[PDB]
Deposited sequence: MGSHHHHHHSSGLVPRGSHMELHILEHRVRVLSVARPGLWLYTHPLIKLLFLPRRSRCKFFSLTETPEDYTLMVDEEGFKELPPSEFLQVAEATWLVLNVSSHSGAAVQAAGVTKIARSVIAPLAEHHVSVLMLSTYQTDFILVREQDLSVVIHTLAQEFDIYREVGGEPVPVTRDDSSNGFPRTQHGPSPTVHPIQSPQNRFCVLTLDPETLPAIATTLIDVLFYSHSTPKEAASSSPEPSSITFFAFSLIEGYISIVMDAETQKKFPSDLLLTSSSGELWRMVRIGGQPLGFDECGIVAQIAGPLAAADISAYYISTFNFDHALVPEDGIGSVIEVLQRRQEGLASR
């Protein structure tokens, strides 16, 4: 709520240079060796950005350049053309804002990027909301957001100020209840065998969705409450806040079309609903608090 008059939030362009990939489910097995390394043995990779998400269609992978080098090319692997940069928002301090804050940046970030034809990919995590943009759009990004945000670019691990350089998609709601969880990285070994089983060895009203990310040492997991029961239940949160999913799109969305996240986040913000938002290679996914799910579906139906 209350803030000083002259004050501006901060937009951080992080160091990461990210490739976005799809691995066909039948080929996943081929990538077990490099993925296990990136998940469980980061003492052996220079990777600092790793996102893996299971959908019905594929496994989408978002990996920094160092992580990308570990992946052998194959006909099972589709690679998005562009290299992507990672945006994050924080308060004037450089202090993290609440998670599930995608709707809080609908008007200030998401709609203005779409208005300037800047395609985004979202990656909400337990800790924060990341927005990925292609390299090519960076100058338009700065143009778009310098008015309201103090923009900082990560150069040698430090935040540095920049100056000049530096249509309506169908929705589904499956019935799964989702948890958004974290875990101490020191606890990863104890969970490793059941995590490997879930990710690598697993065969309309329900959807298969499982998200695991390790970003700068921070672990984020989204899983089915049913899938949670497979683990010791020594995964962390503050709660049982369970979440319901809305999946966005009819056919595969590209990396070119703008305004998708804007259609979802704008109406949801106008209704004061929180959301995590996760983009995969083909589709978008919003996670809204379970008790507000009918109201979400209502609000989204109102867009023309």
Next on the checklist: Ranges lacking C-alpha coordinates, please, mapped onto the deposited sequence and listed in sequence order.
Outcome noted: 1-11, 178-191, 229-240, 277-278, 344-349
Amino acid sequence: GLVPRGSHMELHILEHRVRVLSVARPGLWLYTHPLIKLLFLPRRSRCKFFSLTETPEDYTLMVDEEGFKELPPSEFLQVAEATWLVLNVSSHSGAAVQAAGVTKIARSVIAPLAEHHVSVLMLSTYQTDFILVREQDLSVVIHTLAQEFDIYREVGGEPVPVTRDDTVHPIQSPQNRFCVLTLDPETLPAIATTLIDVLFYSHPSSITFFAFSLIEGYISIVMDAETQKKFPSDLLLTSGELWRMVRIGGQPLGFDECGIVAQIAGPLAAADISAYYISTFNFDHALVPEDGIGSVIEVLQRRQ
From here on, numbers count along this sequence of modelled residues.
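The term rigid core refers to the most C-alpha atoms you can superpose between the two forms while keeping them within 1.5 Å.
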Checklist outcome for this item: Higher Cα RMS in 4 other deposited structures of this protein relative to the shown form (core alignment), 244-252 or 59-67, goes to 244-252
Checklist entry - Looking at C-alpha RMS in 4 other deposited structures of this protein with the core superposed, is it 214-222 or 229-237 that drifts more? => result 229-237
Checklist entry - Can you tell me whether residue 173 lacks a model in a third or more of the other compared entries? => result no
Checklist entry - Quick one: across the other PDB entries of this protein we compared, is residue 163 left without coordinates in at least a third of them? => result yes
Next on the checklist: Quick check: 182-190 versus 131-139, which has the larger average CA B-factor in the record?
Outcome noted: 182-190
Next on the checklist: Which is higher on mean Cα B factor in this entry, 289-297 or 9-17?
Outcome noted: 289-297
Checklist outcome for this item: Per the deposited entry, the peak Cα B-factor within the set 222, 214, 79, 155 goes to 155
Next on the checklist: Between 113, 85, 122, 162, which one tops the list for Cα B-factor in this entry?
Outcome noted: 162
Checklist entry - Lowest, middle or highest third: where is residue 37 by Cα B-factor in its chain? => result middle
Item to check | residue 196 CA temperature factor, ranked by third within the chain | outcome: middle
Item to check | residue 205, C-alpha B-factor rank within chain (lowest, middle or highest third) | outcome: highest
Checklist outcome for this item: Binned into thirds over the chain's modelled residues, the C-alpha B-factor of residue 230 lands in the highest
Item to check | Lowest, middle or highest third - CA B-factor, residue 167 | outcome: highest
